[PDB]
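S.K.: Sharing a structure with you now.
All Cβ positions, even for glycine, are placed from backbone atoms using ideal geometry, and neighbour counts span all protein chains on display. Values quoted throughout were computed directly from the atomic coordinates according to the rules given, and no laboratory measurement underlies them.
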Ligand SMILES: *[C@@H]1O[C@H](CO)[C@@H](O)[C@H](O)[C@H]1NC(C)=O
Ligand SMILES: *[C@@H]1O[C@H](CO)[C@@H](O)[C@H](O)[C@H]1NC(C)=O
């Protein structure tokens with residue numbers, strides 16, 4: 001039914017930029033907000049941000065305000081994003097999550113059952 | 001806004017023409033006339049009210065003109 | 001300009017808040033009161049005029065209020 | 001951030017409680033509290049949102065509760081498959097999301 | 001349960017002989033519909049969409065002037081002439097300037113002059129008109145299932161008056177609406193800015209004193225009344241120079257005070273207006289009507305809470321056997337003799353034993369009792385409610401008056417059952433609204449207040465005429481004070 | 001010869017770093033550390049919760 005497809009793993013030198021994507025299938029992509037959560041090996045989960053697939057609004061965490069840019073693609077139902085200024089600690093597995101937007105297409109208040117589905121995960125290696 | 005508070009009538013005018021002199025001379029009259037034409041009911045009501053309130057024809061006309069001018 | 005002909009009270013208001021509800025209800029009160037406090041001589045002259053033409057107190061006050069409203073609006 | 005015990009272990013078939021403690025701006029302020037399981041090499045999954053309620057397809061053994069500034073998850077009848085990482089998440093009033101430090105569940109043999 | 005928590009929430013009671021009721025939907029509001037032995041439904045208009053808008057007129061904001069030319073015309077030899085005035089891209093104006101021997105002319109006097117400069121617009125707005133047949137209304141339908149895509153979304157088009165929505169376990173609801181009796185779109189217009197948009201009147205839009213082209217144009221260079229955005233200056237009657245005025249987008253924003261904010265950057269989306277609808281609840285049935293009540297113990301999982309309308313909500317979990325089963329819930333007095341409060345989540349049923357169910361109703365004023373379950377094991381949390389019957393009545397009358405003021409004649413159909421007095425109210429309020437709109441078109445709220453005070457003073461010192469005048473004065477004072485602009 | 005700047009009036013502005021904070025009813029109004037930071041224009045309204 002609901003399935004999320006993520007791009008393959010990539011390895012790059014520190015300080016470069018890595019672009020990955022997550023595809024939404026089995027449900028309305030436009031009426032859902034796409035979240036991104038990363039986890040370094042042996043570390044805790046961190047909320048990178050979210051993007052609205054209905055209008056295009058993007059919100060980023062303070063630690064990644066000037067290093068993360070997220071775009072969208074309504075036709076392909078896939079979200080594109082890029083992370084720049086990579087460091088050694090940036091090596092982590094990235095997961096994409098879905099969340100229903102309000103009836104007006106905005107994301108002012110998330111629903112109770114947010115993060116109901118997660119992607120298979122994409123590993124980014126810095127060396 | 002600023003357009004509601006123009007720099008007009010402050011006692012600084014001289015012989016050389018001002019900024020919006022020619023265009024701004026009659027623009028208020030034009031907009032008032034257009035509003036009168038496009039809102040006849042309020043004008044009729046204002047005429048009736050001026051007729052009722054006043055005691056002499058002069059102040060009938062005066063109240064009519066004032067009510068018509070303020071409305072836009 | 002267009003600012004002198006705002007789309008105010010034309011019968012299209014709905015339950016949702018309009019573009020300039022809150023302070024748009026009052027830029028009148030503020031600009032007329034500032035004009036009054038900045039040009040008191042015209043207010044005084046309007047007071048004598050209202051006392052003169054007006055016969056009853058109600059019409060005196062009415063004429064005074066209309067003149068005071070015209071004074072900034074006519075500008 | 002969210003503070004929770006690093007590791008909690010218990011006998012199988014028993015009832016254990018894990019607590020997640022945050023601040024008044026994220027945990028105590030709102031009811032947007034959720035828990036997740038991180039299997040080794042597998043994506044996290046949701047088994048409890050809005051601790052008074054549960055999602056579909058989740059066994060009712062998992063139960064969640066909130067005590068002021070601390071959110072507690074209670075599991076009755078521990079089993080072997082429960083051994084995995086556990087995380088607590090809350091949505092703050094600033095529009096961001098916070099997560100716990102990660103807790104590994106151990107079932108005694 | 002989606003309507004729970006909305007301040008602009010209204011209840012309709014009862015059905016006609018035909019098991020129908022007339023309701024009106026509003027953006028940002030929701031109406032709760034309940035009836036005897038009928039499921040309770042929430043109605044909320046969430047989306048208004050327009051398809052294929054037609055561009056009508058584009059007004060310019062940013063303009064630049066180039067290729068300025070002036071030609072030296074002597075007195076008494078007619079006006080000057082330029083080649084560029086042949087094309088209307090050049091704004092030109094004739095003025096009168098001094099000429100003489102110092103200007104190399106044979107006679108002294110007032111000589112002609114003309115200045116022409118090409119008009120090039122940089123940023124412009126767009127005024128689009130959508131025919132009423134292209135309107136799209138989206139309504140969400142959610143019953144009081146008590147569960148914590150739960151609702152049902154339907155599409156309302158002028159192409160189909162009757163729309164059928166199937167509800168799992170509640171039967172099929174027959175929904176009848178009139179999309180063209182609400183906002184009068186063929187009289188309306190959609191104005192587009194760089195990224196904002198406003199839903200504003202068409203006639204006022206044509207009355208904008210800015211350069212413009214009709215929407216059918218493709219060249220985008222033949223602007224009309226370009227004088228309104230340029231100015232010729234004659235500091236000393238020696239020559240004239242033309243300069244372009246500034247940006248009118250700020251002036252436009254200060255001119256759109258009473259317009260409604262709408263978003264049409266990605267498709268024409270509207271979140272305002274009203275929709276009169278005829279609700280047919282013929283085929284609805286209570287979910288779980290064919291189930292015995294739960295005789296087991298009940299557990300409350302969420303503390304009782306009070307809404308802004310005095311209603312109460314509670315979440316209860318069932319732990320006995322017999323699921324699915326009805327929850328025996330009812331309101332008792334402190335005497336345990338009378339039933340005072342009546343349900344609005346009619347016929348609560350638990351579907352799954354471990355799934356909590358939200359029960360939501362209203363208590364009587366003062367103190368009461370909340371009863372869940374049956375002997376033995378009834379939950380006993382009694383209540384406390386602030387307010388009074390008189391206060392509730394006056395607040396209801398205030399809501400009704402505000403609704404009438406902000407809707408018009410359609411407000412009489414908000415909860416109408418087809419009564420003869422309802423039709424009389426239709427006719428009289430419609431005609432009085434016709435005169436009121438014809439008399440008070442285009443005036444600010446301060447104008448309404450002033451006219452109301454004047455009419456009140458006239459009435460109080462005048463007799464049926466006196467009472468009629470004071471009544472119209474007080475009602476127009478209420479209209480002026482309760483209107484946003 | 002010598003002009004002195006009295007004050008500068010801004011006529012076009014741009015807004016970034018939009019922030020929002022919410023509070024439950026009967027808990028007063030929320031506060032943010034940019035509320036004192038007077039580069040950030042702020043306003044308090046009321047929202048259904
Ligand atoms: C505002 O956002 C910009 C865009 O990333 C960022 O560079 C800047 O540091 C932010 N400033 C503040 C005060 O948040
Ligand atoms: C106006 O002047 C510019 C620059 O001098 C020139 O490129 C343009 O052709 C002129 N306009 C016409 C109509 O020749």
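S.K.: Going by what's in this entry, would residue F:12 be described as surrounded by 10 or more Cβ atoms within 10 Å (Cβ to Cβ) and away from ligand 2 (no atom under 16 Å from the Cβ)?
M.R.: no
S.K.: Also, quick follow-up: Is it the case that the stretch E:373-391 has a residue that's outside any strand (DSSP E or B) and crowded, with 20+ Cβ neighbours inside 10 Å?
M.R.: Residues of the stretch E:373-391 outside any strand (DSSP E or B): E:373-378, E:382-384, E:386-391.
Now narrow it down to the ones that are crowded, with 20+ Cβ neighbours inside 10 Å: E:373.
So far as the stretch E:373-391 goes, yes, one or more of its residues are outside any strand (DSSP E or B) and crowded, with 20+ Cβ neighbours inside 10 Å.
S.K.: Is it true that residue C:50 is surrounded by 14 or more Cβ atoms within 10 Å (Cβ to Cβ) and in contact with a helix residue (DSSP H, G or I) (Cβ under 6 Å, 6 or more places away or on another chain)? Write out each step before concluding.
M.R.: On the way: surrounded by 14 or more Cβ atoms within 10 Å (Cβ to Cβ): yes; in contact with a helix residue (DSSP H, G or I) (Cβ under 6 Å, 6 or more places away or on another chain): yes.
The answer is yes for residue C:50.
S.K.: Residue E:285 is checked against (1) touching a strand residue (DSSP E or B) at 6+ places or on another chain (Cβ under 8 Å); (2) assigned to a helix (DSSP H, G or I) and fails just one. What number does that condition carry?
M.R.: All conditions are met except number (2).
S.K.: Of all residues being surrounded by fewer than 18 Cβ atoms within 10 Å (Cβ to Cβ) and touching a strand residue (DSSP E or B) at 6+ places or on another chain (Cβ under 6 Å) in the stretch E:52-69, which is farthest from residue E:268 (Cα to Cα)? Just the residue, please. Explain how you work it out, then say what you get.
M.R.: Step one: of the stretch E:52-69, the residues surrounded by fewer than 18 Cβ atoms within 10 Å (Cβ to Cβ) are E:52, E:54-55, E:62, E:64, E:66-69.
From what is left, the residues that are touching a strand residue (DSSP E or B) at 6+ places or on another chain (Cβ under 6 Å) are E:54-55, E:62, E:64, E:66-69.
On the way: E:54: 12, E:55: 13, E:62: 25, E:64: 31, E:66: 37, E:67: 40, E:68: 41, E:69: 44 Å.
Among those that are surrounded by fewer than 18 Cβ atoms within 10 Å (Cβ to Cβ) and touching a strand residue (DSSP E or B) at 6+ places or on another chain (Cβ under 6 Å), it is E:69.
S.K.: Looking only at the stretch C:18-36, filter to residues that are facing chain E (nearest Cβ under 7 Å) and part of a loop (DSSP other than H, G, I, E, B); which one of those is surrounded by the fewest Cβ atoms within 10 Å (Cβ to Cβ)?
M.R.: Pass one, the stretch C:18-36, residues facing chain E (nearest Cβ under 7 Å): C:18-21, C:24-25, C:28.
Those still in the list that are part of a loop (DSSP other than H, G, I, E, B) too: C:18-21, C:24-25.
Numbers: C:18: 23, C:19: 21, C:20: 23, C:21: 15, C:24: 20, C:25: 17.
Across the stretch C:18-36, the extreme among qualifying residues is C:21.
S.K.: What is the residue count in the stretch D:73-106 for residues that are surrounded by 17 or more Cβ atoms within 10 Å (Cβ to Cβ) and away from chain A (no Cβ under 14 Å)?
M.R.: 5
S.K.: If you don't mind, another one. For the stretch E:246-282: of the residues being part of a strand (DSSP E or B) and either within 14 Å of chain C (Cβ to nearest Cβ) or touching a helix residue (DSSP H, G or I) at 6+ places or on another chain (Cβ under 8 Å) (or both), which is farthest from residue E:50 (Cα to Cα)? Don't jump to the end; show me each part of the working.
M.R.: Step one: list which residues in the stretch E:246-282 are part of a strand (DSSP E or B), which gives E:260-261, E:263, E:268-270, E:274-280.
Still in the running and either within 14 Å of chain C (Cβ to nearest Cβ) or touching a helix residue (DSSP H, G or I) at 6+ places or on another chain (Cβ under 8 Å) (or both): E:260-261, E:263, E:269-270, E:274-276.
On the way: E:260: 15, E:261: 15, E:263: 11, E:269: 7, E:270: 8, E:274: 15, E:275: 15, E:276: 18 Å.
Across the stretch E:246-282, the extreme among qualifying residues is E:276.
S.K.: To continue, here is another question. Do you know which residues across the stretch E:77-106 are closer than 17 Å to residue E:237 by Cβ, touching a strand residue (DSSP E or B) at 6+ places or on another chain (Cβ under 8 Å) and exposed (fewer than 14 other Cβ atoms within 10 Å of the Cβ)?
M.R.: E:79, E:94, E:103
S.K.: Also: For residues that are within 21 Å of residue E:136 (Cβ to Cβ) and either part of a loop (DSSP other than H, G, I, E, B) or in contact with a helix residue (DSSP H, G or I) (Cβ under 6 Å, 6 or more places away or on another chain) (or both), tally how many sit in the stretch E:158-186. Let's see the steps before the verdict.
M.R.: Pass one, the stretch E:158-186, residues within 21 Å of residue E:136 (Cβ to Cβ): E:158-166, E:173-186.
Next, only the ones that are either part of a loop (DSSP other than H, G, I, E, B) or in contact with a helix residue (DSSP H, G or I) (Cβ under 6 Å, 6 or more places away or on another chain) (or both) stay: E:158-159, E:161, E:178-186.
Residues in the stretch E:158-186 being within 21 Å of residue E:136 (Cβ to Cβ) and either part of a loop (DSSP other than H, G, I, E, B) or in contact with a helix residue (DSSP H, G or I) (Cβ under 6 Å, 6 or more places away or on another chain) (or both): 12 in total.
S.K.: Let me ask something else. Given the stretch E:1-104, what strands (runs of 3 or more DSSP E) lie entirely inside it while holding 2 or more residues that are away from chain A (no Cβ under 14 Å) and either within 16 Å of ligand 1 (Cβ to nearest atom) or closer than 30 Å to residue E:143 by Cα (or both)? Outline the logic, then answer.
M.R.: Values: elements: E:9-13, E:20-26, E:30-35, E:38-50, E:54-70, E:90-99.
Result: E:9-13, E:20-26, E:30-35, E:38-50.
S.K.: Residue E:427 passes all but one of (1) within 12 Å of chain B (Cβ to nearest Cβ); (2) in a helix (DSSP H, G or I); which number fails?
M.R.: Residue E:427 satisfies all of (1) within 12 Å of chain B (Cβ to nearest Cβ); (2) in a helix (DSSP H, G or I) except (1).
S.K.: Might you let me know whether the stretch E:113-131 holds any residue that is outside any strand (DSSP E or B), out of contact with any helix residue (DSSP H, G or I) (no Cβ under 9 Å at 6 or more places or on another chain), away from ligand 1 (no atom under 16 Å from the Cβ) and more than 14 Å from chain A (Cβ to nearest Cβ)?
M.R.: Of the residues in the stretch E:113-131, the ones outside any strand (DSSP E or B) are E:125, E:130-131.
Of the ones still in play, those that are also out of contact with any helix residue (DSSP H, G or I) (no Cβ under 9 Å at 6 or more places or on another chain) are none.
Within the stretch E:113-131, none of the residues are outside any strand (DSSP E or B), out of contact with any helix residue (DSSP H, G or I) (no Cβ under 9 Å at 6 or more places or on another chain), away from ligand 1 (no atom under 16 Å from the Cβ) and more than 14 Å from chain A (Cβ to nearest Cβ).
S.K.: Hey, another quick one. With the requirement that a residue be within 12 Å of ligand 1 (Cβ to nearest atom) and surrounded by 19 or more Cβ atoms within 10 Å (Cβ to Cβ), what does the stretch A:63-87 give you?
M.R.: Of everything in the stretch A:63-87, just one residue is within 12 Å of ligand 1 (Cβ to nearest atom) and surrounded by 19 or more Cβ atoms within 10 Å (Cβ to Cβ), namely A:64.
S.K.: So residue D:60 passes all but one of these: (1) farther than 30 Å from residue F:30 by Cβ; (2) outside any helix (DSSP H, G or I); (3) more than 14 Å from chain E (Cβ to nearest Cβ); (4) out of contact with any strand residue (DSSP E or B) (no Cβ under 6 Å at 6 or more places or on another chain). Which condition number does it fail?
M.R.: (3)
S.K.: Give me the pairs: first residue in the stretch A:65-87 and farther than 16 Å from residue A:35 by Cβ and away from chain F (no Cβ under 14 Å), second residue assigned to a strand (DSSP E or B) and within 12 Å of ligand 1 (Cβ to nearest atom), beta-carbon distance under 9 Å, and six or more apart or on different chains, which are they?
M.R.: Between residues of the stretch A:65-87 that are farther than 16 Å from residue A:35 by Cβ and away from chain F (no Cβ under 14 Å) and residues that are assigned to a strand (DSSP E or B) and within 12 Å of ligand 1 (Cβ to nearest atom), the close pairs are A:67/A:60; A:82/A:68; A:82/A:69; A:84/A:68; A:84/A:69.
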